[PDB]
Each structure stands twice: as structure tokens, then as C-alpha cells.
Amino acid sequence: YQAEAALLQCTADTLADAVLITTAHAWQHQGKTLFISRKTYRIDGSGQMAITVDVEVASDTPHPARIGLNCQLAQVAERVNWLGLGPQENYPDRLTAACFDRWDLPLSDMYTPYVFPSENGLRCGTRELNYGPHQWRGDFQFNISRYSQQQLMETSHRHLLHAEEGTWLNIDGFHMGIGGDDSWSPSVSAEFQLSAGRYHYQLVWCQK
Amino acid sequence: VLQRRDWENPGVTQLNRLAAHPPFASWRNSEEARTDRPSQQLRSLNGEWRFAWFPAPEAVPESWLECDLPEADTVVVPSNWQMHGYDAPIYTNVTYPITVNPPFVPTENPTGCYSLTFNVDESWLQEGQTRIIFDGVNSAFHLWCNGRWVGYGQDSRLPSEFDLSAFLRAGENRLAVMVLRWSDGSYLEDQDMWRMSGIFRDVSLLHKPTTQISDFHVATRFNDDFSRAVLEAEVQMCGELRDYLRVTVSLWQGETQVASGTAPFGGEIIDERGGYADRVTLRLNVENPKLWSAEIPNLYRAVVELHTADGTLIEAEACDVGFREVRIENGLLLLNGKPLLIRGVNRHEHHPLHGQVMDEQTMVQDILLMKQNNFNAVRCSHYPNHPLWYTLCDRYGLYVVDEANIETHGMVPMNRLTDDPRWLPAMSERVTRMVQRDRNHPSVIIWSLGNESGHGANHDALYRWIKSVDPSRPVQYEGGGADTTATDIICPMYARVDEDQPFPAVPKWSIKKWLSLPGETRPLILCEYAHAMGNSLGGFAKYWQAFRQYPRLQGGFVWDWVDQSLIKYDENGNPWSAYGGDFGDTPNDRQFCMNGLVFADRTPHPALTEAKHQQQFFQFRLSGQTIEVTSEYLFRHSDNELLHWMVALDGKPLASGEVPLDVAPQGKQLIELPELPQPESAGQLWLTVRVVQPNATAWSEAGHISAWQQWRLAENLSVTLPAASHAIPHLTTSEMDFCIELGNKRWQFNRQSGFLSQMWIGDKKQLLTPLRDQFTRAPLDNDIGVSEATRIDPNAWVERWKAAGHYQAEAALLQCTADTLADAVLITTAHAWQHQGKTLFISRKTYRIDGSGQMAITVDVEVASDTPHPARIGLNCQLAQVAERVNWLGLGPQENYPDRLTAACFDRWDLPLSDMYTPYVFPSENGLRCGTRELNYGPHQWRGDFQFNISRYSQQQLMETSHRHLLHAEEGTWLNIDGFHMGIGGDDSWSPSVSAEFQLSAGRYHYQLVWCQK
Ligand SMILES: OC[C@H]1O[C@@H](SCCc2ccccc2)[C@H](O)[C@@H](O)[C@H]1O
Ligand SMILES: [Mg+2]
């Protein structure tokens, strides 16, 4: 929760028909490196931005809850449209009931109002997501809402949450299971833990 | 004799054959019996005999009974006559090698005529009884002595004895033996093995006195905690009963007499008519007996003496006694009150030069290798063994399942003969004579009614016969669905751990589910599992996890110990390994005769090390700095055991140490490690522990490793940049090629194919073939199954890959571009693999060549969801150079695959190029190493996270060649580097058996390599 990103590399290059940005970051806590991410951004003449991500996780840190990107978008739209598992909230070890199709819901149905606030509203197996003028394409899991992960963690009751300016988007290449064999001891099975040490995913961000 | 045709009549299995009994030597001195010295009363007739071969028994001339044929050769006995070139051995699995028409056999019935001239001593003919013993003859035979007919025998795997007292004369005597290849007994001997014939075990003469010991049985009973035993010995005599006759039984431990008893003949009253006048039962008390087990094979020696009341010895007999108790209680098989875990293997009697002739030296070699690989049990598949085998298992310590010679696999339905009462006589001789021969051996713990003969009323009758004559051992039988009323143990073959196979009438449930079916209470021990054919034993760890977690899963017997290949010679007289069909035998079952963990010359396959590790007797757990050691021994303390530990950072040793093990049977020991070093340098730290035996044993050398395990400790990720180079690579663009130069190095990319087509260091070309994607492997035996060109099996992996076009698919270029960055050159390619308009795979690659001279390759592959999952996703090329050594940092040192890699350890390994090839007799994909981070070969170095194989043989040549002796080294070296590789399977080899977690089914894959010159 406390680890600070330190820049290792940030370079730019003009190719024939595109611009390529390359970055690398290390996340540290008291001298220990927890994660490294290496990214390329390729912006071509069609106006698409292709993002490639490669992450390494130290074998002796506890497996992380997710590996993804987040940002706060400036705009609020009424509807979310996606091609992926739906229509309800689904997670990697609770997604048999969800079906793959084109789904379309108001932004408020993308938030599950649990009385004790937590991570909520994820959709898995997603190939395309549309929100306002933006479109993301890939093979990912996402959640979209007016509440940051920080605000959900600090607030003990759903009536004390307030909508933030704009919309918080989380796009994950990988997400850990939620468990539930019991709630008083670790219960996420070994096949749902992010224990592989190296991960790779890719996204295209465009304006359609 | 030619008009009765006894070999075509299941009602006649013998004429004039003597009763079965335990092994006898007829000593005439009690000390010679006690110390097991050779007996003058037992002569071997093994050596040179005369032999003639005939196409049928009607072709044997009548003069052969009186005198030697001039056209006979001299041959060694024991032998199989197919091993001397007289006719071809036949390898068939299920189909009978003759027309199925019981009880008739072909009129063309190859016949072997053996003869021997021999002297008999004068002293042998004045007094007593002379008998001849044939330990095994295949398949039926008639015997003559000095021209006169003596008798007839069938059942190839148990001894046949005949009285020769009335036929022998002083001086020169002649035996004549006529052996038939086929008989009605052949219908009950359809085991999966080479079909051979001849006098293939020992021949001997035994002299007994007229008043003699004719049988004896030994039984042991215990109190609740095994602190007091009663040895009960029943002795029977033949000949004239006299009042002065006495029997003494004594029990020896080494040179110390421990117990003794003496009685006159006359048993207790049995029924309204009295008792046995010609039997006696002695009871001997033994306090604190040393118990026999496979861990500690403590033996006593029992001597039985027939003597007169005034003390004159008539004859002595002896055997080894082991005190142990085997019972089933509350659904568990117990030995000496503790539950067994069977580390078993199936073993055939097979030698590559001598066929089915077993010698002592071969038997001892098999037993030492078994114990050295953590096996404790052996199944006699599928017939009684040579009598010396049970003696060696008693002395060294292996549990034995002894099996009757009955298998009728090729019948339709499988129980056609075993449900018929006309075959009940023939089957009962095979079961009752085995029990009368072997019931005194401590190593025999379970009887088996035979193999693969369905379930018939004859099996129930014989199950109940054994329970009544020998209540001290359980009975098992697998036929008719493995859990019938004719078995004490559920004993399936090839049931899977988690997956059901619901066949009609005879389903194979998953073993965990079978245990809990409504009503079921018996223990479960697999009589055959993990078919080891070729490159196999994938998923072996999954059986051993289940065996340790479930009490009623008590282990199993691997199929099987040794490959049944034979030796043939080429034109230059060089030996090669041959299999079904290589002798002109037809029909045949080709390479299905090679299922062993060892090659026929007793050299190990790579799967042997996976078996050794899963079967270890010590289990380990790591918690912080503490190792917890658990013993899985039932009876011994760890008194010959030292734990070595070593910590290494990416192959480099940092700390080491030893600790003595002191752990009680089924106990635990905690070992605390010293404060481990904290290095600053990047990389993963690894801890390896190994259990070493400092002293030699009967079965192992000083320094033998019996158990090991490896864990990851702390990791430090590398956060330093590559050193900024001054030089920039130069790009030259022609119409045909992109060419990149830096210093003396040069790379060339072909613009029509889109592959790296050549690389130079100085002026020396490095490649003979372009670096290309590869999605296929030379198919393993488990990929092919029972599929053949005549009869295609559409469900096998090789058939799915062929029908879909994976072997034929052509790469089509979609894109090939080049760009100069600031400090590097970047090449981008894309290819599609097609077959008849369908796209199977797409690969997108980037090559980045920087100023340090490194080439970084990124690969992204898509696989169509409806094509069968590919065997691998990787690159291949043929390098121009041949080097002596391969050095790698990864799992090793032996061949390992994604579902067979628990036994391999991560370290720095270094081997000659030839150890990177596994010479399976049927060629296939082989030699892979997984989990690899760095590979060095000549001047080249590859870095990444990959699996590789390196050799002189292409995947194409391995797929097209049927025998390892026909392979030839290609120019240069074939390298395969895979991001991903499918599992090898091996639950069985005749249906798909690669588990879902080992299939490449994710649709999208990514991997990266760096290729440099260090
Ligand atoms: O080593 C082969 C194995 O074959 C299978 S039959 C099914 C496979 C098969 C059938 C016919 C020809 C070849 C293989 C047996 O059940 C095993 O005991 C073992 O003998
Ligand atoms: Mg069979």
C-alpha cells in the first residue's frame, strides 16, 4: 500500500509512421524491490495508442491482489458499453454464471453497494470497453466508478461515500480470486493467486 | 501317444506327474541343512543336450526314442529355441498368436526334441526313490527314459516331477523330451510378452529315501504387541510308518539355536474316522522374535529332521522363516500391525540375449536397482517366477505378489473360458500348485488369481479355495471390474486420480471416488498404473500426492520394470534393439513390448529418477529457517542417514553444512539452519537438502543419496540498467534483405520469408537453417496410442494434429519492417500459418539489436480456439557448429517435461552433447530441459525463461525413423527453444491422457529471449 515508484528509464523515438515511448519503474519499500514494470507506448497515424506492459514480481513478496493500470478520467458519462462477461459483477473464481456478449448499463449499475465498502464491480474476460468518446481494446478485466480504491479502503459504511470529480477507471491484466470457503482464514485457492513471477498484457486506447 | 493328442484336451493336464511341494534338497546331514550347503542328493542336468526341430509332432521319426538322430545339434539347456534361430519369436499383446478355436491348436505345431545321455551312480539304484524335476517347459511335453514312456505335463511356469526309479539302469541312461509350442494350455497363457518355447528353466535329479518328508508348512502367530510368537510346523511323511520314527523341528538365528521340538507321528482327531497317522504338528514358542519386513529383513532358519528314536538321521529339509503378520483390518492392509504404503513395480522375466531364461546375476542386479530407487514391492507379472527369486526377495527385503499362470485376454467375451465348468480343472491346477510350492516364503504377502480373464464362477471357487487352505495372506484379482467378490483389495488397472472413465459393465472410477462408493470398505492398491512406454510418467506426482493424503489408498505397482526388446545383428555384425514385427512375426503389436523404467540391458530411462523422488521415505517442509523432516519408515529408526544442505545464488554456492538425522519411525525432526548469508547481488537464492547414507548396506554403496528436495528463498530483482554503449548498429536495406552490422558481427533478415536467415561472427556463417517458429513435436508413444496406417484412431493427439494440418501448415508473410532508433535497430515481423484457408496460428515478433551486440527477441502468438491445442510454441534453427559441452542454468541434470519435473533441481549443469539426447528405441521428441534461464553452447548464449532441447537429429528425422539404430547425425546442431511445451501424459498409452492444466489452451502466448555472443 506504501510502495513508491522510482523511474529507471524514459526515452522517445520517431519511427517511420509512429512515435515510441519506452519507460521502466521500480516499486520499493525500505530498500526491497517489490515490482518492476517495463512499458512501451506506440502512437500511430490512425491516432491509436498501443500499450505493452511487462511486470516482474519478487518471489518472496506476498502475491499481489492485481496487476493493472488506473486513472481518473475528467468526464462523466451515463452509460458503459462492453464486450465481455456480464452483465453482473464477476471475478476470476466467480464467473461461471456470467456470459460473453455485448452489455450496456447505466454507470450506477457498475457499482455494487456493499454495506461495508470494498473492491467491487469488476468484469472479467473483456475484449472492448466504450465510455464517452474513449474505447479500450485487449483481453482484460476492468471496473469503472466514481469512488477511488483509496476512498473505498478508508470508509467503513456505504452511506459515508461521496462521488469524486470524474470517473475512476481500473484496467487489469490479472486479478486475484476473492475466496469465500470461510472469512476468518485465507481461502483463495493456489490456481487463483498471482504467483507466476512474470506477467505480460497489452491494451489499445483509441477515440471512437 | 500320437492317437490320444493330450495337448488338445483341457481335461488332461498331466499324466504320472508327482504332487507339488516346497523346494527340497534331501540333505543327509543336519549341519549341511542348517548352513544351506549344496546337497549331494540334488544333481543339476543343465549343460549340453542334443536338439532337433520339427514342423509338427507327426514328423518326429520313431528311431529318436531309441538313439540320437545324426542331424541333431548340441545346445545349452536351459534355453528358448527361438533364441537359437530355429523359428521366429512372436510379439502379440491381446490377439492370440493362433486361430481361436478352443481346445484345438494348429496342425503345424513346431516341436522341439531334446535328449541327454547321463551316468547314474550305483548307490542311487539300490535304495530309495530317484525323481527328475523340470522347473519350466513351454508349453507341453512328453518324456521317455531309455525308450519307455514316463509321463506328460502342461503349465509352463511351475515345476513338473516324475519318478524314474523303475526306468533307470546302472551305466549310461538316455532321456528324450518332446516339447510342443502350442497346447490347450496356450489358451490360458495369453500374457502380453514374447511368445517363445523350450526347456527354459533348470533340470535336476533328486534322490530321496523310501521313508521321506513329503511336505511341510510353517505358520507364525503373535500376541497383540508382537512380543511372543508361536511357530507351528506341520510335517507329512510317505513310506512305511514305524513306531520308532520321530520328527524334530529346530529354529536357528545365525549359529544360536532359539527353539526346538520333537514328536512321533500321529495328528489330533479331525473327524468321526480319526486323524492323520502320517502327519505331526510341532509348536515352538519364541520370545521377542525379530520381525521380518522390507525395511529390516530379519530371517531365521528352520531345520526339519526325520530320524529314529535312537537318534539315526534319515533325511533333513530346511527353509528360511520370517516372522510377520499380514491382515486386512477396518479397510487397511496391515503388516506387523502398521499400514503399508506399496512402492511397487510389475516385473517380467526377460533378458535381451537369452529371452525368458533367468540367471542369478540378472536377478540380483534387478533387486539392487529396485531398492536403490526406493521400490519396496514387486508383482510377478503374470505367472510364478523362478524359485530363486523368492529367496532373494526374503533376504534383501521386497514384498511379493505371487500370481497364478492364467490369462485369457484374447477371448470374446473375456470370461468365455473362466465361466465354463469344463475349464475349472485346468485353472485349479494353476492356482493350487502355485500355493503348495510358495506358501513358506515370508516375502510373499498377497496371492493373485491371474490377470485379465473377466469374472467367472471359476474365479470365485478358487478365491474361496485359497482362503481356506492359507488364511494368512489376502487374495487379489483385477478381472471383471477390479472390485468383484473374488478380491480382498480393490485393484484397478490405470484408474486415474481425478477423472472417471465410465465404460459399460466395467467402469474405471477415479481412485478417490472409488473408495467412497455406497457399501465399499476394502483398501485400494492399483495392480498397474503409470504406463511407462517411451517418454512417459507425466502426472506421476499426482498419484503420490493422493496416496499420502488418503489412508485407504495404499499405493500401487508401476507398469513396468524392464523393456522387452530383443537383440538382432546387422550386416557388419553390430547389435541393435528390436521389437514386435522385427522377426517377420505377423500380426504383431510393434513397440508395445517396451514399457520399462530401464532399458533391456538395465540402464535407466529418465523416468526412473521421477519414480525415485516421488517414492522417497523422507518428506520435508520449510518454515522460515526451520526444516521439518518426517520419516515414512514403519519399523526402522534412521541410523544410517546424514542431512546435507546447500544455499546457492543462481548456481554459485554460498553456504553448506551437514546434520545427522535422528527420527523415529513415522516421527518428525526439526532442523534449524544457521543465519543464512544476505548477498547484495541480484538473483534468486535456492536451498537444496539431500539425505545421504554414509555406510554401505547389502543393497547400496557408501554415499548413496536416498531423498532430496529444493525451495526458493529470498530474491533480489535487478534494478540496474545495461551499460550505455558508444557504438550504434548500422542498417543496410536492399530489395532482398535487411542487413545489420556492428563490429565484426552481421545479421541478415530475408524480406520474402521474414526470418533471420544468417548471422556472421567475422567471416564464419553461424546458421545452416533460418530461425523459424515451430508448433509441432516428433510424436511420443503416448501421442500415437494404438493409431496405425491401416486402422486410424481419430481420438489420438497425433491424428488430431495431422487432420488439422499442424505438420503441413505454411507460413505466409503479413509484415516485415525495419527502423533505426537512437542506439538500436528494430525489425518487426508478422506471419500467419494456414491450412486450406483456415488460419491456425499468428506470430508477431520484434528483434532489437543494440550497441552491446545483443539481440532481444519478443514473440506474441495467437492460436485459433477450435484447432487442437499445439504441442509447443517456440523457435528452431540448425546451428553451423558442433561443440563438445552444453552448459545451462535451469532444471537438471536429466531430461524433464512440464508434467514430469519434480525430481529435477535448479542449478548450473554441464554435460557432453550426447547426454542431451535420450536414445529411446522408438525415436521421438526427447531431451527437453525446463525452467531454464541461461544456455551456453559454443560462442552463443541465450537468456530468458524457456525450455530447450539440443541435438544432432531434426524433429523431421525423429518422426520418419522407426528404430534408434537407423538415425544419422545431421550437419551442425538442431536447437529448439520453447516458450511453452505441452505435457507428455502416461496414465495409459492407448487413450489421450495429458491433463487439462498441461495443455496449451490459453489462446494467447508471449515469451522473450536474448541471443548474444559470450
Ligand atoms: O503394454 C500394453 C498394455 O495394454 C493394455 S490393453 C490396451 C492397449 C493395447 C491393446 C492392443 C494392442 C496394443 C495395446 C493392458 O491392459 C496392459 O496390461 C498392458 O499389457
Ligand atoms: Mg493382457
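Residues numbered from 1 in each chain as written, not as in the entry; some residues may be left out. Chains lettered and ligands numbered in written order. Part of a larger assembly, values for the part shown. Heavy atoms only, no water.

Chain B carries the name Beta-galactosidase in the PDB entry, which gives Escherichia coli as its organism. A UniProt comment under Catalytic activity is attached to chain B, and it reads "Hydrolysis of terminal non-reducing beta-D-galactose residues in beta-D-galactosides." Looking at chain B in UniProt, the text filed under Sequence similarities is "Belongs to the glycosyl hydrolase 2 family." (UniProt positions renumbered as here; feature names shortened; annotations may be inferred.)

The PDB entry annotates chain A as Beta-galactosidase of Escherichia coli.

Draft legend 1. Spatial organisation of the overall build of chain A. Secondary structure assignment for chain A yields one helix and 11 strands. Reading the helices (α) and strands (β) of chain A from amino to carboxyl end gives β-β-β-β-β-β-β-β-β-α-β-β. In terms of C-alpha radius of gyration, chain A reaches 18 Å, essentially the compact-globule figure of 17 Å for 208 residues. Along the first, second and third principal axes, the C-alpha set of chain A runs to 55 × 45 × 35 Å. Residues counted as buried form 40% of the 208 residues belonging to chain A. As displayed, chain A offers around 11300 Å² of accessible surface, 54% of which is attributable to carbon and sulfur atoms. Across chain A, the 15 positively charged side chains and the 23 negatively charged ones have centroids separated by 4 Å. (Helix = DSSP H or I, 4+ residues; strand = E, 2+ residues; numbered from the N terminus. Rg over C-alpha atoms; globule rule 2.2 N^0.38 Å. Buried < 20%, exposed > 50% of the residue type's maximum accessible area, 1.4 Å probe, protein only. Areas by Shrake-Rupley, 256 points an atom, 1.4 Å probe, with all protein chains shown as cover. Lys, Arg positive; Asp, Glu negative; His and termini not counted. Charge placed at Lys NZ, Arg CZ, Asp CG, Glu CD.)

Draft legend 2. Here's a closer look at the nonpolar core. All names here are of chain B. The biggest cluster of nonpolar side chains holds 88 residues, and the ones touching the most others in it are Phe375, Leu449, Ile511, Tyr529, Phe547, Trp561 and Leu597. When residues of this core are assigned to domains, at least three fall in each of domain 1 (1-209) and domain 3 (325-615). If we skip the residues at most four places from it in the chain, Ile511 touches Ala495, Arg496, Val497, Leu524, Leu526, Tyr543, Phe547 and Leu553. Core analysis: the next-biggest nonpolar cluster, separate from the first, contains 54 residues, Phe749, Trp833, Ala883 and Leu1009 among them. (Core = buried A, V, L, I, M, F, W, Y, C linked by side-chain atoms within 4.5 Å. Domains from an automatic or database assignment. Contact = heavy atoms within 4.5 Å.)

Draft legend 3. Geometry of the pattern of salt bridges. Residue and element names in this part refer to chain B. Under the criterion given, the structure shown has 67 salt bridges over all chains. Across the pair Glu499 and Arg496 runs a salt bridge whose closest N-O atoms are separated by 3.1 Å. A residue is classified by how much of its surface remains accessible, and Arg496, at 4% relative accessible area, is buried. Of the charged contacts in the structure, one is a salt bridge between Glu641 and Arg636, with a shortest N-O distance of 3.0 Å. Among the charged side chains, a network of salt bridges with common partners joins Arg496, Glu499, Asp987 and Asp988. (Salt bridge = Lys/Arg side-chain N within 4 Å of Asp/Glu carboxyl O.)

Draft legend 4. Main features of the pairing of strand 55 (residues 929-937) of chain B. Burial of strand 55 of chain B is extensive: seven of the nine residues sit out of reach of the surface. Between the antiparallel neighbours strand 55 of chain B and strand 56 (residues 940-951) of chain B lie two residues, among them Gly938 of chain B with a positive phi of about 60°. (Pairing = 2+ DSSP bridges.)

Draft legend 5. Layout of the site of ligand 1. Residues and elements named next belong to chain B. Taken together, the residues surrounding ligand 1 are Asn93, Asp192, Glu452, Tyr494, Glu528, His531, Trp559, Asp589, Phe592, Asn595, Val786 and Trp990. Taking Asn93, its side chain carries an N or O atom lying 3.3 Å from an oxygen atom of ligand 1. A distance of 2.7 Å separates an oxygen atom of ligand 1 from a polar side-chain atom of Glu528. Grouping the amino acids of the shell around ligand 1 by side-chain chemistry returns five nonpolar, three polar and four charged. (Near = heavy atom within 4 Å. Polar contact = N/O pair within 3.5 Å; in protein donor to acceptor, adjacent residues only side chain to side chain. Nonpolar A, V, L, I, M, F, W, Y, C, P; charged D, E, K, R; others polar.)

Draft legend 6. Layout of the coordination of the magnesium ion (ligand 2). Residue and element names in this part refer to chain B. Surrounding the magnesium ion (ligand 2) are the protein donor atoms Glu407 (OE), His409 (ND1) and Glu452 (OE), at 2.1 to 2.4 Å. Motif for the magnesium ion (ligand 2), donor spacing along one chain: E-x1-H-x42-E. As far as burial versus exposure is concerned, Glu407 and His409 are alike and both buried. (Donors = N, O, S within 2.8 Å, 3.2 Å for Na, K, Ca; no water.)

Draft legend 7. Structural view of the side chain of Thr111 of chain B. Residues and elements named next belong to chain B. Looking at the secondary structure, you find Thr111 in strand 6 (residues 111-120). Residue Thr111 is classed as buried on the basis of its relative accessible area of 0%. A polar atom in the side chain of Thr111 sits 2.9 Å from the backbone oxygen of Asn109. Residues in contact with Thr111, not counting those within four places in the same chain, are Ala52, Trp53, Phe54, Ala56, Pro57, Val60, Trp81, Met178, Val179 and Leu180.

Draft legend 8. Fine view of the sheet that holds strand 25 (residues 338-339) of chain B. Residue and element names in this part refer to chain B. Pairing in this open sheet of three strands is antiparallel, and the strands run 23-24-25 from one edge to the other. The open sheet is flanked by strand 23 (326-329) and strand 25, the only strands paired with a single partner. Where strand 23 meets strand 24 (residues 332-335), four bridges bridge the pair, whose relative direction is antiparallel. Across the sheet, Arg327 pairs through a bridge with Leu334, a residue of strand 24.

Draft legend 9. Quick peek at the environment of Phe540 of chain B. Residue and element names in this part refer to chain B. Within the element layout of this structure, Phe540 appears in helix 8 (residues 540-549). Sequence-wise, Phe540 and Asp978 are 438 residues apart; in three dimensions their C-alpha atoms are separated by 23 Å. When sequence neighbours within four positions are dropped, the list of residues in contact with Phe540 reads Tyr529, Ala530, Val558, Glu610, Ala611, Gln614 and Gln615.

Draft legend 10. Molecular detail of a nonpolar patch on the surface. A cluster of nonpolar side chains, contributed by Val1, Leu2 and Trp149 of chain B, occupies part of the molecular surface with about 230 Å² of accessible area. Take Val1 of chain B: it is sitting in the segment before strand 1 (14-15). (Patch = residues over 30% accessible without salt bridge, like charges linked within 9 Å, V, L, I, M, F, W, Y side chains within 5 Å.)

Draft legend 11. Main features of the UniProt feature "binding site: Mg(2+) 2" in chain B. Residue and element names in this part refer to chain B. Within this structure's numbering, the places UniProt gives as "binding site: Mg(2+) 2" are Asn588. As for its position among the elements, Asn588 is in the loop between strand 34 (575-578) and helix 9 (607-614). Looking at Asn588, the relative accessible area reads 26%, which means it is partly exposed. Setting aside chain neighbours within four positions, we find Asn588 in contact with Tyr91, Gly580 and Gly581. Within the structure, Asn588 has its side chain in polar contact with the backbone oxygen of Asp585 (distance 3.0 Å).

Draft legend 12. Representation of the UniProt feature "binding site: Na(+)" in chain B within the structure. Residues and elements named next belong to chain B. Per the UniProt entry, the sites bearing "binding site: Na(+)" are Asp192, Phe592 and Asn595 in this numbering. Maximum C-alpha separation among the annotated residues is 11.1 Å over a sequence range of 404 residues, consistent with a single clustered spot. Along the polypeptide, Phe592 turns up in the loop between strand 34 and helix 9. On the accessibility criterion, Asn595 (3% relative accessible area) is buried.

Draft legend 13. The arrangement of helix 6 (residues 457-469) of chain B in detail. Residues and elements named next belong to chain B. Here helix 6 is 13 residues long and its end C-alpha atoms lie 19 Å apart, about the 18 Å a rise of 1.5 Å per residue gives. For helix 6, the full list of buried residues reads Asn458, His459, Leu462, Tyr463 and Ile466. The buried residues of helix 6 occupy an angular sector of 135° when projected down its axis, which confines them to one face. Every exposed residue of helix 6 that faces more than 90 degrees away from the buried side is listed here: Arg464 and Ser468. (Expected span 1.5 Å × (residues − 1). Arc of directions from axis to C-beta.)

Draft legend 14. Structural view of the interface of chain A and chain B. If you look at the interface, chain A gives 23 residues, while chain B gives 19 residues. When the two sides are added together, the surface that chain A and chain B hide from each other amounts to roughly 1500 Å², 50% of it contributed by carbon and sulfur. Looking only at chain A, the three residues that lose the most surface to chain B are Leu8, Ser59 and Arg198 of chain A, adding up to 26% of its buried area. For the pair chain A and chain B, the number of links is two salt bridges. With a shortest N-O distance of 2.9 Å, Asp139 of chain A and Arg1004 of chain B are connected by a salt bridge. There are seven residue pairs in polar contact connecting chain A and chain B. Going through the elements one at a time, strand 1 (4-14), strand 3 (32-44), strand 4 (49-57) and strand 11 (198-207) of chain A are the ones with two or more residues in the side of chain A that touches chain B. Considered class by class, the residues forming the side of chain A that touches chain B number eight nonpolar, six polar and nine charged. (Buried area = accessible area lost by both parts, 1.4 Å probe.)

Draft legend 15. Highlighting the packing of helix 5 (residues 424-438) of chain B against helix 6 of chain B. All names here are of chain B. Their axes nearest at 10 Å, the elements helix 5 and helix 6 cross at an angle of 25°. Between helix 5 and helix 6, the crossing angle belongs to the class labelled roughly parallel. Pair helix 5 / helix 6 crosses with right-handed handedness. On the side of helix 5, the interface is formed by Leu424, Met427, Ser428, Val431, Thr432 and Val435, while helix 6 contributes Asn458, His459, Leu462, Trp465, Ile466 and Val469. Residues that form the contact of helix 5 with helix 6 fall into these classes: eight nonpolar, four polar and no charged. (Axes fitted to C-alpha atoms, helices over the stretch in contact; angles between N-to-C directions. Parallel < 35°, antiparallel > 145°, perpendicular 65-115°, else oblique. Left-handed = near helix turned anticlockwise from the far one by under 90°.)

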